[PDB]
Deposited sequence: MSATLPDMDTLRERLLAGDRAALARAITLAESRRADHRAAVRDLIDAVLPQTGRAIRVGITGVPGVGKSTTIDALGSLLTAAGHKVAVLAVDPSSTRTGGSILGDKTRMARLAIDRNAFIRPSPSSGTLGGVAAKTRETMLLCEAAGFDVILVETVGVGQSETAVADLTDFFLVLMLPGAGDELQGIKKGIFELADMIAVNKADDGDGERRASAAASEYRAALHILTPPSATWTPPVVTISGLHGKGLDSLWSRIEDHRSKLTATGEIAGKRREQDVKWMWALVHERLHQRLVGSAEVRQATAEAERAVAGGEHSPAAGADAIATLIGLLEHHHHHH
């Protein structure tokens, strides 16, 4: 019953939230429709959260840093969602149980809620389904939404376009990442000597970033040092994110960014549906893959590809 699902979701019921999400992430069109009204209906309870995107190479203490940061926040009374975006999920069907235990503490904290990357046809669709899932979390009372890049593909721009603040975690020992960053945090600044060489590296990143013009005069990206493993610097790291929130709330820039992202996700969903017509049948898929291949092979022009494809999919 969707009325009950809604009410219990609004009441903060973890099982109702998990179930609404399942339907919103579904690759069945009938399921997705079913919960469109529900998300729309609870939209006025969304948005009262800090959305942070977090990235860094595999091997930088990302999951560790998240487990620790998230635990600090649940201890102080926050309810924290951790959602993944993984471009490989455009080729897998998604994951039933995901990989919760990379974050040992959060994985068992009922003040947390951890979800793996949804499946969809395009990266745009994966990210858009993630926005819808963020809205459900918020409506169920999660006030911190962490969205992390997982895998090796290009998810950084999408994660940044899903959140208010984009956090880059770096080691002390992809170009585009720097200009997405609202803050860099040099990790593994261990009390024993790691602090010296991460403080060095932070001066290098801090020096270089002076040459980039930030998108707003309201905020100048800082570079900091932390230890994710021993919990160092995590409190001040969070206080900078809070400070960003207060400043860009006062100027209306948090809201203006979100409005722009939302329209972007709307168009991404329109384009996902179009893409779904490419796999409408084997014949349509064959012919459209060969149009694309022709263009990618240099054999016919982009415009000829485009018209072949447009005819095939009824456009």
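Practice task
Could you please spell out the deposited residue ranges that have no C-alpha entry in the coordinates?
Solution key: Missing from the model are residues 1-6, 180-187, 330-337.
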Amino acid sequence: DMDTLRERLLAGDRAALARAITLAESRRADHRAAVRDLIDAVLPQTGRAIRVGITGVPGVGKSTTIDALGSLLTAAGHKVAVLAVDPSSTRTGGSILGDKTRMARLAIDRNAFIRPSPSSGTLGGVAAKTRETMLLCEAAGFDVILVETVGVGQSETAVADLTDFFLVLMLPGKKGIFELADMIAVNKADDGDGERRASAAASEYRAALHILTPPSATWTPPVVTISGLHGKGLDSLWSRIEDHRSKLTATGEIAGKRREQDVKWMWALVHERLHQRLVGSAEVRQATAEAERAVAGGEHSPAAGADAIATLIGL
From here on, numbers count along this sequence of modelled residues.
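Handout entry: Higher-B stretch (mean Cα B-factor, as the entry records it), 133-141 or 200-208
Key = The stretch with the larger mean CA B-factor is 200-208.
Exercise for the section: Identify the stretch, either 89-97 or 116-124, whose C-alpha atoms have the larger mean B-factor according to the entry. Expected result: Higher of the two, by average CA B-factor, is 89-97.
Exercise for the section: Go through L269, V52, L278, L69 one by one and give the residue whose Cα B-factor in the PDB entry is largest. Expected result: Among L269, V52, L278, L69, the PDB entry lists the largest C-alpha B-factor for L278.
Problem - Candidate residues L146, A75, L229, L162, the one whose C-alpha B factor the record puts highest - result: Most elevated C-alpha B-factor of the set, per the entry: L229.
Exercise for the section: Just say lowest, middle or highest third for the CA B-factor of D182 relative to the other modelled residues in its chain. Expected result: Lowest third.
Practice task
For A287, return the chain-relative third of its C-alpha B-factor as stated in the PDB record: lowest, middle or highest.
Solution key: Highest third.
Handout entry: Third of the chain, ranked by Cα B-factor, where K79 sits
Key = It belongs to the lowest third of the chain when residues are ordered by C-alpha B-factor.
Exercise for the section: Can you work out whether the C-alpha temperature factor of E242 puts it in the lowest, middle or highest third of the chain? Expected result: Middle third by C-alpha B-factor.
Practice task
State the tercile, meaning the lowest, middle or highest third, of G298 with respect to the CA B-factors recorded for its chain.
Solution key: For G298, whose C-alpha B-factor we compare with every modelled residue in the chain, the answer is the highest third.
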